[PDB]
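Q: Under the authors' numbering, read the sequence shown as residues -1, 1 to 159, first letter to last.
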Amino acid sequence: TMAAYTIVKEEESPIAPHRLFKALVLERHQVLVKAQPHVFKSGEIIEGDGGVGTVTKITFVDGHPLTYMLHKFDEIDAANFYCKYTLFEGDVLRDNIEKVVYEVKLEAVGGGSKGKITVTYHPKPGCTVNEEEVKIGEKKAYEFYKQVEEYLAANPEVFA
Ligand SMILES: [Cl-]
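(1) Does the Cβ of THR55 have 16 or more other Cβ atoms within 10 Å, making it buried, or fewer, making it exposed?
(2) Can you check whether the CB of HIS70 is closer than 8 Å to the CB of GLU97?
(3) Using only alpha-carbon positions, find the residue among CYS126, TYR150, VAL118, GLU88 that is nearest to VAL100.
(4) Can you list, in chain order, the residues of its chain whose CB lies under 6 Å from that of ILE116, leaving out five sequence neighbours each side?
(5) Assuming the contact rule is C-beta atoms closer than 8 Å, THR127 and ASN95 should be a hit. Round their C-beta distance to whole Å, please.
(6) Does the beta-carbon of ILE75 have 16 or more other beta-carbons within 10 angstroms, so that it is buried, or is it exposed?
(7) Distance, Cα to Cα, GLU88 vs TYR67?
(8) Pull up the DSSP beta-bridge partners for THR53, would you.
(9) Between which two residues does the alpha helix (DSSP H) holding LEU92 run?
(10) Please report the residue range of the beta strand (DSSP E) in which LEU65 lies.
(11) Taking 7 Å as the limit between beta carbons, can you name the residues of its chain near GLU148, skipping five residues before and five after?
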């Protein structure tokens, strides 16, 4: 009940993985305002050079329930379309979550991709991970994912 809580998800995309990996990982801070300008106000690198160790800050628009998030890149293997990164700060963590650790892995399937993401919610000591909260966060994450995919399909030159 006070353990970390992990979900794994796999889905195929018609988008080629080099584009999806830039949009969803490496340059996500530069795409999220373009793909979801009704949710995200800004995305920027606040520390680092783009690679391992980089911290990004994403802020939400006014009127959104959330305010900002900081993520750090832990591991990047761009040739294999793999990244581990950690959401380590922000109001979305509320009081009970220490960090959320993400692993993304894509591979080419014909002209598109197969993607796998693992998400691990780490509660603070003496706290628990609330499943309804995870469900709502994951629904919203899945909306972002699908709207990035719809943006890349509508704008085929981007990251091509
Ligand atoms: Cl600032």
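All C-beta atoms in this analysis are idealised placements derived from N, C-alpha and C, irrespective of residue type, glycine included.
A: Taking the structure as given:
(1) By the 10 Å Cβ count, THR55 comes out buried.
(2) By the CB criterion at 8 Å, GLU97 and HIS70 fall outside the cutoff.
(3) For the residues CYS126, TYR150, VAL118, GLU88, the minimum Cα distance to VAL100 belongs to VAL118.
(4) These residues qualify, in order along the chain: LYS8, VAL103.
(5) Your pair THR127 and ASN95 checks out as a contact, with CB atoms roughly 7 Å apart and the cut at 8 Å.
(6) With 16 or more other Cβ atoms from the protein chains shown falling within 10 Å of its own Cβ, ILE75 counts as buried.
(7) If I take the Cα positions, the gap works out to 8 Å.
(8) According to the DSSP secondary-structure assignment, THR53 is paired through a beta bridge with no residue.
(9) Premise fails: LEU92 is in no alpha helix (DSSP H) and is neither H nor E.
(10) DSSP places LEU65 in no beta strand (DSSP E); its state is neither H nor E.
(11) Cβ within range, chain order: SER12, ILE14.
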